[PDB]
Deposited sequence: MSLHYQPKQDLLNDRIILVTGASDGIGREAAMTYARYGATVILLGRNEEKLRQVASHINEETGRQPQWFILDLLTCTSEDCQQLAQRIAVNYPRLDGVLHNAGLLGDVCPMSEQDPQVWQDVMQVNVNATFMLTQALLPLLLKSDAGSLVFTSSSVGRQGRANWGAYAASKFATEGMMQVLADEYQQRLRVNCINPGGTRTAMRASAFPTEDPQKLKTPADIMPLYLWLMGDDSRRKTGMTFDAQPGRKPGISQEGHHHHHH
């Protein structure tokens, strides 16, 4: 599909960058020319992913530490302040950080795990969004992408807090898209089943959508949720 320089001169921040889909997305964005900013809780994990992208790409991403389970609104503003000293805008923010929590009936759901899933997937993702909006408004056409799931649109047995949180994520995305008509592109990606493990798709397999949402080919698309597979 996309040309190899699709994301030249796009600065894109990726949360949950240290492993899984986040790690693939950061690497993929860099491969396609982006200046990537990695966000995660583990500095040694982040440094390792940055080194790999540099070896593979020749340019080394910066990383910043944030723990969504515990971060405050103050921590997010300070993170945004640190970014802004190094970077003039954010062209993209990919919210790929998340907690799955318990997969079990509602009667069995652990209430602290429930609280933790809502804190990471909803509340912290919101506070981080709020902190980063000014930088995103500095883009020619900033793009904000949340991670959803099939159970964010149709609740199913056993999916408890994760489902509740992904519904909330669809709602948050919709409110934002309505507030930022013209000004920001705000959408969700549903990556689907990525991780019978040999039957599933690899993060690499689902990347085209992640690329599309950050490149110019999706320029006036907002308020939608997209299925990666």
Exercise for review: Can you give me the gaps, meaning deposited-sequence stretches with no C-alpha coordinates, in sequence order?
Suggested key: 1-5, 201-211, 246-262
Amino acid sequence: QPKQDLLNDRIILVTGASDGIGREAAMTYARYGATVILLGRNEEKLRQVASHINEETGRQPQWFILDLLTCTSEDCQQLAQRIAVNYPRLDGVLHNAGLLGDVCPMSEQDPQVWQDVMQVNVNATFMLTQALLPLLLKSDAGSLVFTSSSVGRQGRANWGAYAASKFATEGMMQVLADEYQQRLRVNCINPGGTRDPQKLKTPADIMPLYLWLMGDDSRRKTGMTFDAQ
From here on, numbers count along this sequence of modelled residues.
Check your understanding: With respect to the recorded C-alpha B factors, which stretch has the higher mean value, 99-107 or 75-83?
Key -> 75-83
Study note, to complete from the structure: Higher of the two mean Cα B-factors (34-42, 158-166; per PDB record) comes from 34-42
Review point. Taking the Cα B-factors listed in the entry, which of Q62, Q48, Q174, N190 comes out highest?
Key: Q48
Point to revise | Cα B factor band for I206 (lowest, middle or highest third within the chain) | key: highest
